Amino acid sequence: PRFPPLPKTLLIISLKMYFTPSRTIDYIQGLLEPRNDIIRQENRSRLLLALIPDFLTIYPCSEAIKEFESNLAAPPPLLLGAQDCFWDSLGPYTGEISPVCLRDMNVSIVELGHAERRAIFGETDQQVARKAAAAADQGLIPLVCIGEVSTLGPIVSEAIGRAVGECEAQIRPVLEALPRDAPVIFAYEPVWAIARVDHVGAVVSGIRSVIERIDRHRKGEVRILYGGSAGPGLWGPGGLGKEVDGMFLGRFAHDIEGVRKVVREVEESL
């Protein structure tokens, strides 16, 4: 085990660039708070939460998790992610974050190729792949965001064919760059939508098929999440959970009670 094993269900909270430091510290302390009933021992092996703060609060986030773990004797209660990293270990790359340093701060997962980075900064498939490779070199699980870049046509087979093939071009360089035994998580979100479960189910089913065709027998496990902004009710009553191994929570999740509500939803669906 070079890598943490992946539970069947993954819930991800990415704070993007929305939170101030004090709000991030209060927030992660709310997640861990036992009276908040978000993190249950009985969920440990089936359901996992990741918090993905901005780079500045990874340190005190990591410190908060540790302090909470020291309350018990020796799955972590909560995974800590970063929202990006560089494609090299250490070096002369001003403004860039090292996966070496991330691992030293007990980050377990790195979000890569977000739609926002692809649109604003022109981040490419090759770059996301090299980034995944460097994250994996440090024992970090790549979490690669994928999705169709085009507005799709009105013929469904054409539309599903395009979307899946556009995801294929994003998946292939990542799997080529990664060791076959390193785990990877792909988060799907159709970039032109800014949640149709029929559409998600169909493209995700085409994604899993794509992966099986490239490397059916790789030892590293694979998970496909919904990367879109998911609201209360979508997972269970909306059927989203029948299609994917997890999801990103939308901005309702900025309130701890919202997160509590969605964990309950997820428990009920299992």
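When you see a residue number, it is the position in the sequence shown, counting from 1.
Counting the unmodelled positions of the deposited sequence between residue 74 and residue 75 gives a gap of 4 to 9 residues. Going from residue 119 to residue 120, the model skips none of the deposited residues; the chain is continuous there. Judged by mean Cα B factor in the deposited record, 215-223 ranks above the other of 53-61 and 215-223.
Mean CA temperature factor is higher for 166-174 when stretches 91-99 and 166-174 are set side by side in the entry. Of the residues listed, 31, 47, 244, 203, the entry assigns the biggest Cα temperature factor to 47. Among all modelled residues in this chain, the alpha-carbon of residue 147 has a temperature factor (C-alpha) in the middle third. Per the PDB record, residue ranking by Cα B-factor puts residue 192 in the highest third of the chain.
In this PDB entry, the Cα temperature factor of residue 157 sits in the top third of its chain's modelled residues, the highest group. Residue 240: CA B factor in the lowest third of modelled residues in this chain (values from the PDB entry). Per the PDB record, residue ranking by Cα B-factor puts residue 133 in the lowest third of the chain.
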